[PDB]
> 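Below are the structure tokens for one structure; questions will follow.
Letters A, B, ... mirror the listed sequences (proteins, then strands); counts begin at 1. FYI, side chains are in, hydrogens and waters are out, and symmetry mates aren't considered; it's all heavy atoms of this structure.
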Amino acid sequence: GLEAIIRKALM
Amino acid sequence: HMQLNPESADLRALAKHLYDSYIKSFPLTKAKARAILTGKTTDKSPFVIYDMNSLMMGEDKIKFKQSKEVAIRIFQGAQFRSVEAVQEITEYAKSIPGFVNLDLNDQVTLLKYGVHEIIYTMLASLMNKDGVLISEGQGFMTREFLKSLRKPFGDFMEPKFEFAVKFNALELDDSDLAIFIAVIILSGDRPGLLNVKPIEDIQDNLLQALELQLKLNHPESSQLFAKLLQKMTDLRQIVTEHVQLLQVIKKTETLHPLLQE
Ligand SMILES: COc1ccccc1CNC(=O)c1cc(C(=O)Nc2ccc(OC(F)F)c(F)c2)c(Cl)cc1F
């Protein structure tokens, strides 16, 4: 959930 | 004996690099929040939500980016702005020298356990004793109006205010905060980290930078460095009560567009 957004934002 | 040598000049360059990146990632800086809050800006004056009638007018005249309870519509608005803040803080994290050279799973863990502590830090920049700037400065909602929302929503913002009142008394500026927020992100004690030493090494460099920043910027506060580290202790526990309260709400009360796609 938080991970989802962090993972996408990091790419 | 402090000295202007290559080591100090590299810490000032790191401090400036982080400040510039901070300015790109977070359009509403503390300097600008302070200008709005203190009516020392030519910018459009925020709409004040101080009661139920002023909120109803507020939904209309403050434009953001249904549910029949006012208290739920307010909390949801806070949760959407939190999602946005996670994006900007991840963006900021990418600009910290050494951060994208770390194992991606560690990068995710640092940010997963850090963003809440950084949100409460940066929220302080938007607060005074009367309340908090909303919708990047179009709105101002009062502390007492948030307090008046029915349980469990009336207490969601109180601990942020308690923290902000004492944190804002330290009178940090955007230069200080940029380094402070980078020290938080690079915390080697987060649970589930594969490679600690490389994180502590960046944090050591950030700590030296922060120490120099506060010495140069705050001549009348000789132990401000020690004070700021003490606030990271506070913050961890504030996040504990926040997380514990989000449990109650989610399981005792009945989702952002990015979180759907
Ligand atoms: C549409 O529903 C409403 C109707 C009337 C008033 C309002 C709402 C919808 N609620 C809010 O907008 C609302 C938003 C916030 C908020 O959390 N803002 C905020 C700013 C900056 C951030 O970034 C960080 F890095 F500093 C951050 F993470 C979060 C708060 Cl405290 C209270 C609110 F009532």
> Which atoms of B:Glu261 come close to chain A, meaning under 4.5 Å heavy atom to heavy atom: side chain ones, backbone ones, both, or neither?
backbone
> Which bit of B:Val100 comes within less than 4.5 Å of chain A, counting heavy atoms only: side chain, backbone, both or neither?
neither
> So, are B:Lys197 and B:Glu200 salt-bridged, with charged N and O less than 4.0 Å apart?
no
> Under 4.5 Å heavy-atom distance to chain A, tell me which part of B:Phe99 shows up: side chain, backbone, both or neither.
side chain
> Tell me if the CD atom of B:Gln237 is crowded by more than 12 foreign heavy atoms within 6.0 Å.
no
> Which atoms of B:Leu259 are under 4.5 Å from chain A, going by heavy atoms: the side chain, the backbone, both sets, or neither?
side chain
> Salt bridge check: are B:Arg81 and B:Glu88 linked by an N-O gap of less than 4.0 Å?
yes
> Quick one: what part of B:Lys112 sits under 4.5 Å from any heavy atom of chain A, side chain, backbone, both or neither?
both
> Are the charged groups of B:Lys160 and B:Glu241 less than 4.0 angstrom apart, N to O?
no
> Should the pair B:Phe163 and B:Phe167 be assigned to parallel (<30°), tilted (30 to 60°) or perpendicular (>60°) ring geometry?
parallel
